[PDB]
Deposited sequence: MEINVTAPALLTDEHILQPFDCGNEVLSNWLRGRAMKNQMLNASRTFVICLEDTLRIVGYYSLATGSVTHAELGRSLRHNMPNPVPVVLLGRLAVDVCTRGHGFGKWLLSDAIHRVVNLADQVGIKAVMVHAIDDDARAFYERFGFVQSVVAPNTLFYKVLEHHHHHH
């Protein structure tokens, strides 16, 4: 079926979260249990997509700043952690996954004109995750066996 979705928007209290199911309980539970808390603590920014003309979320991703430093006291290199990205089981195969990822990376690139950001880092929990991320430009990192990175270049 032709499924239409709204542009990625910050998660609010009016969005409907219970229906969401991506086939991975830690990602669905994070959306319901931790996303809005992190949003109100300014710990993270969670962006969601919804079925057109509803607040029914069918996709989301989360962004947070992070740092890579060494054993002793740019002292930490600044990164952005794309910590979660998930599309609803019922809406797979429509390109929403690569759309979300394109939006997230474009958001980070414009972001990196405001502050220094050296890369986007993701954690691929599974091999299909890895295959998706690697299909769209991510690279194995030396910081963790599951951690990949997408280099941010100089301003344009």
Missing CA stretches, deposited numbering from 1, N-terminus first: 74-81, 165-168
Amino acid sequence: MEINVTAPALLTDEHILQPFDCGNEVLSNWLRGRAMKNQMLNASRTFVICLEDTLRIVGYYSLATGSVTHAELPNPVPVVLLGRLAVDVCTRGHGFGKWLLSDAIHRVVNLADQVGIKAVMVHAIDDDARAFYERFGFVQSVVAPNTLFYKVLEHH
From here on, numbers count along this sequence of modelled residues.
Going by the mean C-alpha B-factor recorded in the entry, which is higher: 55-63 or 22-30? 22-30
Quick one: higher average CA temperature factor, 104-112 or 31-39? 31-39
Maximum C-alpha temperature factor per the entry, among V48, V122, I125, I117, belongs to which one? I125
Using the B-factors in the PDB entry, rank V87's C-alpha atom against the chain and give the third, lowest, middle or highest. lowest
Would the CA B-factor of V143 place it in the lowest, middle or highest third of its chain? middle
